[PDB]
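Working notes for the structure below.
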Amino acid sequence: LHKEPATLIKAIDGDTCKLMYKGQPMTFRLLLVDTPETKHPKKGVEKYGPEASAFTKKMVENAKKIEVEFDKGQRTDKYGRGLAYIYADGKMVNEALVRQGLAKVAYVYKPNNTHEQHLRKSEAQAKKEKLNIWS
Ligand SMILES: Cc1cn([C@H]2C[C@H](OP(=O)(O)O)[C@@H](COP(=O)(O)O)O2)c(=O)[nH]c1=O
Ligand SMILES: [Ca+2]
């Protein structure tokens, strides 16, 4: 996979944000993870949702560099959202959320699952440590 620069426009929630990619605005959605809901009514404001949002917001807004890494399959979902692994100062946001027990590994559609195993290892560690979602 290859990383590419991007610029933060606005963090929306734990796993969705607006970035400037190729001088164009885009909403992106993290690959292989699912942070709890804070918006959609027919889902409600789930526990750890506000937490996942703040963890993410803090991480991306205080970063000097943000990079996007698309996987080997399709790059956008049905809603026109960019699908990627996002790094804040070299730290993958997707993994960080999972490691903290603030997101579960979800939506694994091959071939967009190159980092699936790394992430699952991180989730297993958070489970055994009984972190947040796992407590
Ligand atoms: C992460 C991811 C989400 N999605 C879809 C699945 C879900 O569709 P439905 O909304 O139809 O269930 C939605 C989950 O995103 P989050 O709440 O942002 O929904 O986006 C993909 O299609 N591919 C992906 O790789
Ligand atoms: Ca979500």
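A note on labels: chains of the structure tokens are A, B, ... as shown, every chain counts residues from 1, and ligands are counted from 1 in their shown order.
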Query raised in the report: Within 12 Å of residue 112 of chain A, counting only C-alpha atoms, which residues qualify if same-chain residues fewer than 5 places away don't, as a list in words?
Result: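 The filter keeps residues 1, 30, 31, 32, 33, 69, 70, 71, 72, 73, 74, 75, 76, 77, 83, 84, 85, 106 and 107 of chain A.
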Can you spit out the residues from that selection as a tab-separated table (two decimals), in the first residue's frame, using C-alpha atoms?
```tsv
chain	number	residue	atom	x	y	z
A	1	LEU	CA	0.00	0.00	0.00
A	30	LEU	CA	-12.03	4.37	8.30
A	31	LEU	CA	-11.47	0.87	6.89
A	32	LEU	CA	-12.14	-2.26	9.03
A	33	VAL	CA	-13.51	-0.52	12.12
A	69	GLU	CA	-3.69	4.84	2.65
A	70	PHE	CA	-6.27	3.25	0.33
A	71	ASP	CA	-6.41	-0.54	0.30
A	72	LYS	CA	-6.31	-2.79	-2.81
A	73	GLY	CA	-10.03	-2.80	-3.61
A	74	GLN	CA	-12.59	-0.05	-4.09
A	75	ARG	CA	-11.78	3.35	-2.59
A	76	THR	CA	-15.26	4.68	-1.92
A	77	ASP	CA	-18.40	3.18	-0.36
A	83	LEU	CA	-12.27	4.30	2.36
A	84	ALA	CA	-8.83	4.31	3.91
A	85	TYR	CA	-6.35	3.68	6.71
A	106	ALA	CA	-16.20	-4.50	11.50
A	107	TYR	CA	-17.08	-4.42	7.82
```
Report task. Please check which protein, DNA or RNA residues sit within 9 Å of ligand 2, counting only C-alpha atoms and all ligand atoms, and write them as a list in words. Result ->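 The distance check yields residues 13, 14, 15, 16, 29, 33, 34, 35, 36, 37, 38, 49 and 103 of chain A.
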Convert the current residue selection to file output with N, CA, C and O atoms, as a PDB file, in the first residue's frame.
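Output file out38.pdb follows:
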```
ATOM      1  N   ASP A  13     -16.988  12.243  13.602  1.00  0.00           N
ATOM      2  CA  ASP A  13     -17.214  11.376  14.740  1.00  0.00           C
ATOM      3  C   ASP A  13     -16.008  10.447  14.806  1.00  0.00           C
ATOM      4  O   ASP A  13     -15.056  10.637  14.042  1.00  0.00           O
ATOM      5  N   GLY A  14     -16.067   9.415  15.645  1.00  0.00           N
ATOM      6  CA  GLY A  14     -14.947   8.499  15.785  1.00  0.00           C
ATOM      7  C   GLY A  14     -14.344   7.894  14.526  1.00  0.00           C
ATOM      8  O   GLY A  14     -13.147   7.658  14.490  1.00  0.00           O
ATOM      9  N   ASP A  15     -15.147   7.680  13.487  1.00  0.00           N
ATOM     10  CA  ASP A  15     -14.642   7.058  12.272  1.00  0.00           C
ATOM     11  C   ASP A  15     -14.931   7.773  10.946  1.00  0.00           C
ATOM     12  O   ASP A  15     -14.687   7.194   9.884  1.00  0.00           O
ATOM     13  N   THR A  16     -15.454   8.997  10.989  1.00  0.00           N
ATOM     14  CA  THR A  16     -15.750   9.721   9.756  1.00  0.00           C
ATOM     15  C   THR A  16     -15.281  11.158   9.872  1.00  0.00           C
ATOM     16  O   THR A  16     -15.449  11.775  10.921  1.00  0.00           O
ATOM     17  N   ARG A  29     -14.097   7.508   5.535  1.00  0.00           N
ATOM     18  CA  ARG A  29     -14.583   6.568   6.528  1.00  0.00           C
ATOM     19  C   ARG A  29     -13.453   5.571   6.726  1.00  0.00           C
ATOM     20  O   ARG A  29     -12.882   5.084   5.753  1.00  0.00           O
ATOM     21  N   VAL A  33     -13.130  -0.837  10.745  1.00  0.00           N
ATOM     22  CA  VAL A  33     -13.509  -0.520  12.122  1.00  0.00           C
ATOM     23  C   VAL A  33     -14.880   0.140  12.190  1.00  0.00           C
ATOM     24  O   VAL A  33     -15.406   0.629  11.189  1.00  0.00           O
ATOM     25  N   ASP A  34     -15.447   0.157  13.384  1.00  0.00           N
ATOM     26  CA  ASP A  34     -16.742   0.753  13.599  1.00  0.00           C
ATOM     27  C   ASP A  34     -16.773   1.330  15.015  1.00  0.00           C
ATOM     28  O   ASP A  34     -16.672   0.593  16.005  1.00  0.00           O
ATOM     29  N   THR A  35     -16.800   2.658  15.101  1.00  0.00           N
ATOM     30  CA  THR A  35     -16.905   3.330  16.386  1.00  0.00           C
ATOM     31  C   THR A  35     -18.397   3.470  16.620  1.00  0.00           C
ATOM     32  O   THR A  35     -19.198   3.419  15.677  1.00  0.00           O
ATOM     33  N   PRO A  36     -18.811   3.557  17.884  1.00  0.00           N
ATOM     34  CA  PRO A  36     -20.238   3.701  18.178  1.00  0.00           C
ATOM     35  C   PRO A  36     -20.867   5.002  17.656  1.00  0.00           C
ATOM     36  O   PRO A  36     -20.198   6.024  17.479  1.00  0.00           O
ATOM     37  N   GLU A  37     -22.155   4.906  17.340  1.00  0.00           N
ATOM     38  CA  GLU A  37     -22.949   6.005  16.801  1.00  0.00           C
ATOM     39  C   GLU A  37     -23.253   7.148  17.763  1.00  0.00           C
ATOM     40  O   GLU A  37     -23.365   6.976  18.981  1.00  0.00           O
ATOM     41  N   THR A  38     -23.327   8.332  17.182  1.00  0.00           N
ATOM     42  CA  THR A  38     -23.661   9.533  17.913  1.00  0.00           C
ATOM     43  C   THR A  38     -24.683  10.334  17.098  1.00  0.00           C
ATOM     44  O   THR A  38     -25.327  11.232  17.627  1.00  0.00           O
ATOM     45  N   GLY A  49     -19.528   6.277  22.148  1.00  0.00           N
ATOM     46  CA  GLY A  49     -19.603   7.025  20.905  1.00  0.00           C
ATOM     47  C   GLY A  49     -18.943   8.368  21.097  1.00  0.00           C
ATOM     48  O   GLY A  49     -18.047   8.730  20.334  1.00  0.00           O
ATOM     49  N   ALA A 103     -13.553   1.001  19.427  1.00  0.00           N
ATOM     50  CA  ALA A 103     -14.105   0.598  18.140  1.00  0.00           C
ATOM     51  C   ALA A 103     -13.966  -0.912  18.035  1.00  0.00           C
ATOM     52  O   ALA A 103     -13.114  -1.493  18.699  1.00  0.00           O
TER      53      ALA A 103
END
```
**Report entry** Contacts of residue 134 of chain A within 12 Å, only C-alpha atoms, excl. fewer than 4 positions in-chain, as a list in words
**Finding:**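 The filter keeps residues 47, 48, 98, 99, 100, 101, 102, 103, 104, 123, 124, 125, 126, 127, 128, 129 and 130 of chain A.
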Restricting the output to C-alpha atoms, write the selected residues as a PDB file, in the first residue's frame.
```
ATOM      1  CA  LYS A  47     -22.083   4.288  24.703  1.00  0.00           C
ATOM      2  CA  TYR A  48     -18.440   5.124  23.979  1.00  0.00           C
ATOM      3  CA  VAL A  98      -9.258  -0.618  18.330  1.00  0.00           C
ATOM      4  CA  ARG A  99      -6.343  -0.891  20.775  1.00  0.00           C
ATOM      5  CA  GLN A 100      -8.177   1.469  23.176  1.00  0.00           C
ATOM      6  CA  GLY A 101     -11.399  -0.507  23.003  1.00  0.00           C
ATOM      7  CA  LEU A 102     -13.157   2.442  21.332  1.00  0.00           C
ATOM      8  CA  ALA A 103     -14.105   0.598  18.140  1.00  0.00           C
ATOM      9  CA  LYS A 104     -14.719  -2.990  17.035  1.00  0.00           C
ATOM     10  CA  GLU A 123      -8.699  -5.835  19.399  1.00  0.00           C
ATOM     11  CA  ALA A 124      -7.906  -9.084  21.239  1.00  0.00           C
ATOM     12  CA  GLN A 125      -5.487  -7.146  23.449  1.00  0.00           C
ATOM     13  CA  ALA A 126      -8.150  -4.549  24.349  1.00  0.00           C
ATOM     14  CA  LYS A 127     -10.649  -7.371  25.105  1.00  0.00           C
ATOM     15  CA  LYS A 128      -8.295  -9.183  27.474  1.00  0.00           C
ATOM     16  CA  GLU A 129      -7.533  -5.805  29.092  1.00  0.00           C
ATOM     17  CA  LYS A 130     -11.299  -5.232  29.327  1.00  0.00           C
TER      18      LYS A 130
END
```
**Report entry** Minimum-distance residue to ligand 1, chosen among A:87, A:57, A:39, A:26 (using only C-alpha atoms and all ligand atoms)
**Finding:**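 The closest residue to ligand 1 is A:39.
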Report task. Among the residues of segment 6-86 of chain A, find those DSSP assigns to strand (DSSP E or B) from the backbone and print them as a PyMOL selection string. Result -> chain A and resi 6-13+16-21+24-30+34+66-70+76+82-86
Could you save those same residues with C-alpha atoms as a PDB file, in the first residue's frame?
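Saved as selection26.pdb:
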```pdb
ATOM      1  CA  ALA A   6      -4.126  14.975   3.183  1.00  0.00           C
ATOM      2  CA  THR A   7      -5.282  17.910   5.256  1.00  0.00           C
ATOM      3  CA  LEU A   8      -7.862  17.871   8.001  1.00  0.00           C
ATOM      4  CA  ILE A   9     -10.953  19.956   7.385  1.00  0.00           C
ATOM      5  CA  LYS A  10     -13.279  18.657  10.101  1.00  0.00           C
ATOM      6  CA  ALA A  11     -13.610  15.615  12.382  1.00  0.00           C
ATOM      7  CA  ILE A  12     -17.182  14.341  12.415  1.00  0.00           C
ATOM      8  CA  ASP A  13     -17.214  11.376  14.740  1.00  0.00           C
ATOM      9  CA  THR A  16     -15.750   9.721   9.756  1.00  0.00           C
ATOM     10  CA  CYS A  17     -14.159  13.066   8.826  1.00  0.00           C
ATOM     11  CA  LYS A  18     -13.754  15.631   6.081  1.00  0.00           C
ATOM     12  CA  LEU A  19     -10.336  15.840   4.523  1.00  0.00           C
ATOM     13  CA  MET A  20      -8.807  17.759   1.670  1.00  0.00           C
ATOM     14  CA  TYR A  21      -7.407  15.124  -0.635  1.00  0.00           C
ATOM     15  CA  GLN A  24     -10.511  18.385  -3.202  1.00  0.00           C
ATOM     16  CA  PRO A  25     -12.855  18.072  -0.052  1.00  0.00           C
ATOM     17  CA  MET A  26     -13.964  14.613   0.813  1.00  0.00           C
ATOM     18  CA  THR A  27     -15.567  12.771   3.642  1.00  0.00           C
ATOM     19  CA  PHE A  28     -13.592   9.659   4.539  1.00  0.00           C
ATOM     20  CA  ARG A  29     -14.583   6.568   6.528  1.00  0.00           C
ATOM     21  CA  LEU A  30     -12.033   4.368   8.300  1.00  0.00           C
ATOM     22  CA  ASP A  34     -16.742   0.753  13.599  1.00  0.00           C
ATOM     23  CA  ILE A  66      -2.113  13.335   8.127  1.00  0.00           C
ATOM     24  CA  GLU A  67      -1.796  10.635   5.456  1.00  0.00           C
ATOM     25  CA  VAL A  68      -4.349   8.410   3.737  1.00  0.00           C
ATOM     26  CA  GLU A  69      -3.690   4.843   2.650  1.00  0.00           C
ATOM     27  CA  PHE A  70      -6.269   3.250   0.330  1.00  0.00           C
ATOM     28  CA  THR A  76     -15.261   4.680  -1.915  1.00  0.00           C
ATOM     29  CA  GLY A  82     -13.349   7.616   0.835  1.00  0.00           C
ATOM     30  CA  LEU A  83     -12.274   4.300   2.365  1.00  0.00           C
ATOM     31  CA  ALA A  84      -8.827   4.312   3.907  1.00  0.00           C
ATOM     32  CA  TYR A  85      -6.350   3.678   6.712  1.00  0.00           C
ATOM     33  CA  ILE A  86      -5.545   7.071   8.161  1.00  0.00           C
TER      34      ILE A  86
END
```
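Minimum distance to ligand 1 across A:58, A:43, A:22, A:64 (counting only C-alpha atoms and all ligand atoms) occurs at A:43.
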Requested in this report: Please indicate the distance in Å from atom 6 (C, counted along the ligand's line) of ligand 1 to atom CA of residue 63 of chain A, rounded to one decimal place.
Outcome: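 Interatomic distance here is 27.5 Å.
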